[PDB]
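In what follows, every chain begins at residue 1, and chains take the letters A, B, ... in the order their sequences are listed.
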Amino acid sequence: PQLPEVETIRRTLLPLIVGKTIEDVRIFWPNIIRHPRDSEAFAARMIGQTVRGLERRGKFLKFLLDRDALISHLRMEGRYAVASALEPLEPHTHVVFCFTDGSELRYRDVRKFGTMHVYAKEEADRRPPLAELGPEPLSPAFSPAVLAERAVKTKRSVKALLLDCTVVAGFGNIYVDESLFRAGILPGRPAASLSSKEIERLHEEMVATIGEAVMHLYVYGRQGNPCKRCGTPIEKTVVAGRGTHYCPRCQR
DNA sequence: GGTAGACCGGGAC
DNA sequence: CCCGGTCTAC
Ligand SMILES: [Zn+2]
């Protein structure tokens, strides 16, 4: 799920779990548990705690309990569902939180690629994976100024810059390519080569792209197809180690 | 500062 | 073997 999808999950999941008390935690793929390192300690500490809230940072979900916070990343295919303990689990279910009311919060993932960390609430923000995470792209904390500061300091491509979680929180490959197209900037451009004008334009399109989604693609996955703005075939290459889609006419 | 390795497996070769 | 995100290793 991309950032906007994670925000939707946050919004819809909260009322389904708030006020419920954990009676058990079942783990079928321990590797998902990253902290505590021992999945048995992870399970034990959550028992008896009530869900008090649910927040999002980047693509991370932060479940707020009595004493602890559970930090969860779904990666690309992870999913949460709330359902009865009486019904069979869906395929690829790796972690289940059982509540005292007979309902469960279940985590699935065919790719088995997601992560979970639990810390005392007061510690969560200074520990992995939230430590060092950049500002929310929709927050004033993410400004053209902040972006310009990071761009000049580096010799990396602009795409590499935007993919950096310390620069801005949870901006995925898709939204990076879409934003750069909308800003008219080639993804391979050195970040330091961007003018002040281009930086402002880029920040503006980043906010608009992610903002609209939170509330159809120009380039992502459209290689070989005509650009929707100029009709030039969209091309795909590799930049910053990712599939990279762009219009060679619209972007400079 | 920066990269590479690490984790995964459905679908492509 | 590739690919996505984000971490530890170096
Ligand atoms: Zn174009």
Checklist line | Polar side-chain atom of A:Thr93 near backbone of A:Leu89 as donor-acceptor pair, under 3.5 Å | finding: no

Next item on the list: Mind calculating the distance between OH (A:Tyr220) and P (C:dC3) to the nearest angstrom?
Entry: 10 Å

Notebook entry, point to check: With a 3.5 Å cut-off and no angle check, do the side chains of A:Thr21 and A:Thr50 form a donor-acceptor pair?
Noted result: yes

Check: How long is the line joining CD1 of A:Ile174 and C1' of C:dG4, in whole Å?
Finding: 9 Å

Checklist line | Within residues 105-135 of chain A: residues closer than 4.0 Å to DNA chain B (heavy atoms) | finding: A:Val110, A:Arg111, A:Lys112, A:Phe113

Margin query: Within the 4.0 Å heavy-atom criterion, would you say A:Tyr175 contacts the bases, only the backbone, or no part of the nucleic acid?
Written below: nothing

Item checked: Donor-acceptor pair (no angle test) under 3.5 Å: A:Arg75 side chain, C:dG5 base -> yes

Checklist line | Those residues of residues 141-161 of chain A lying under 4.0 Å from DNA chain B by at least one heavy atom | finding: A:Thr154, A:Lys155, A:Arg156

Next item on the list: Looking only at non-hydrogen atoms, find the nearest pair between A:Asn173 and A:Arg242 and report the distance.
Entry: OD1-CB, 3.3 Å

Next item on the list: Would you please classify the geometry between the A:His94 ring and the A:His92 ring as parallel, tilted or perpendicular, with 30° and 60° separating the classes?
Entry: tilted

Check: Can we say A:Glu212 and A:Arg182 salt-bridge, meaning some charged N sits less than 4.0 Å from an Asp/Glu carboxylate O?
Finding: yes

Notebook entry, point to check: Over how many whole Å does the gap from A:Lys59 atom NZ to C:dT6 atom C1' extend?
Noted result: 10 Å

Notebook entry, point to check: Can any side-chain N or O of A:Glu104 pair as donor or acceptor with the backbone N or O of A:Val82 at less than 3.5 Å?
Noted result: no

Notebook entry, point to check: Does a donor on one side chain and an acceptor on the other come within less than 3.5 Å for A:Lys20 and A:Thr100?
Noted result: no

Note to self: Check this for me, if you would: do A:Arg57 and A:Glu136 make a salt bridge, where the nitrogen-to-carboxylate-oxygen distance has to be below 4.0 angstrom?
What the structure shows: yes

Checklist line | Phosphate OP1/OP2 of B:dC7: any A:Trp29 side-chain N/O under 4.0 Å | finding: no

Notebook entry, point to check: Quick one: A:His35 NE2 to C:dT8 P, roughly how many Å, whole number?
Noted result: 11 Å

Next item on the list: Rounded off to whole Å, could you give me the CD1-to-P distance for the A:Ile33 and B:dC7 pair?
Entry: 17 Å

Check: For DNA chain B, what residues of residues 233-248 of chain A have any heavy atom nearer than 4.0 Å?
Finding: none

Margin query: At less than 4.0 Å, is any side-chain N or O atom of A:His73 found next to OP1 or OP2 of C:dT6? Yes or no.
Written below: yes

Next item on the list: For the residue pair A:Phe60 and A:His73, categorise the inter-ring angle as parallel (less than 30°), tilted (30 to 60°) or perpendicular (more than 60°).
Entry: perpendicular

Next item on the list: Specify the residue among A:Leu163 and A:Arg37 whose closest nucleotide of DNA chain C lies further upstream toward the 5′ end.
Entry: A:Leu163

Next item on the list: Whole angstrom is fine here: how far is it from CD in A:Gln2 over to P in C:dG5?
Entry: 6 Å

Notebook entry, point to check: In whole angstrom, what separates A:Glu77's CD from B:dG9's P?
Noted result: 11 Å

Item checked: Distance-only donor-acceptor check, side chains A:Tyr107 and A:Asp109, under 3.5 Å -> yes

Margin query: At less than 4.0 Å, is any side-chain N or O atom of A:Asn173 found next to OP1 or OP2 of C:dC3? Yes or no.
Written below: no

Item checked: Test item: A:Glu7 side-chain N/O and A:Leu3 main-chain N/O as donor-acceptor pair under 3.5 Å -> no

Next item on the list: Note down whether C:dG4 puckers north or south, where north is a positive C1'-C2'-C3'-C4' and south a negative one.
Entry: north

Checklist line | Nucleotide C:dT6, atom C1' - distance to CD1 of A:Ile71 in whole Å | finding: 15 Å

Next item on the list: Tell me whether the centres of the aromatic rings in A:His203 and A:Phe142 are closer together than 6.0 Å.
Entry: yes

